[PDB]
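Here we start with a single chain on its own, the form deposited in one PDB entry, put down as structure tokens.
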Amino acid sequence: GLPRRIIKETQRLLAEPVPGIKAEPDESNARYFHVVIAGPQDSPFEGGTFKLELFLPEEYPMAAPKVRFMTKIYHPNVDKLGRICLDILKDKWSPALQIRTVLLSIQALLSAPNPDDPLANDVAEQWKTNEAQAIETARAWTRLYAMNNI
């Protein structure tokens, strides 16, 4: 009972993958995607492989996909559960967007982290106040969690 666009989107993702992002559907759940985003260069995550799991809900595409990191990462917009604070998965998601647009954002979010509330997130306060040492933290978490984990 796969909707026709989810079928069409999967074939597009496998025919021209996003450079640096591996996205494949699960063998048993065509709405479930296993994502591996490579660490961007000129960033503390460089050389790391970060696992994500994307799930297309049933309201998709009227609702945004539910994506979340599986690898531990020190990022101001990723909490301890792996939730990515992005403007798509919250309020201003539109049907014009798609899966590749979400994957491209998360990849771009690693290179250019955004400001965030320093409360309820000591990572966000550490990035705003002590950037060089917060960047040092992210390189440690990249070797401990994002290297040789695939």
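Think of the rigid core as the biggest set of C-alphas that the two forms share within 1.5 Å after superposition. Each residue number is its position in the shown sequence, starting from 1. Only residues modelled in both forms are compared.
Mean CA temperature factor is higher for 87-95 when stretches 57-65 and 87-95 are set side by side in the entry. When the C-alpha B-factors of 43-51 and 25-33 are averaged, 25-33 comes out higher. For the set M70, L104, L110, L119, the maximum C-alpha B-factor listed in the entry falls on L119. For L81, the recorded CA B-factor ranks within the middle third of the chain. Only modelled residues enter the ranking. The deposited CA B-factor of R139 belongs to the lowest third of values across its chain. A146: CA B factor in the lowest third of modelled residues in this chain (values from the PDB entry).
Keep in mind that the form deposited in another entry is missing from the display, and what follows is about it.
Measuring CA movement between the shown form and the other one with the rigid core aligned, the set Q98, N114, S43, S105 has one residue at 2 Å or more: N114. In the other form, the CA atoms of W127 and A112 sit farther apart than in the displayed form, by at least 3 angstroms. In the other form, the Cα-Cα separation between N114 and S43 shrinks by 3 Å or more relative to the displayed conformation.
Core-superposed comparison between the shown form and the other one: one run of at least three consecutive shared residues with Cα shifts of 2 Å or more is located, at 111-121.
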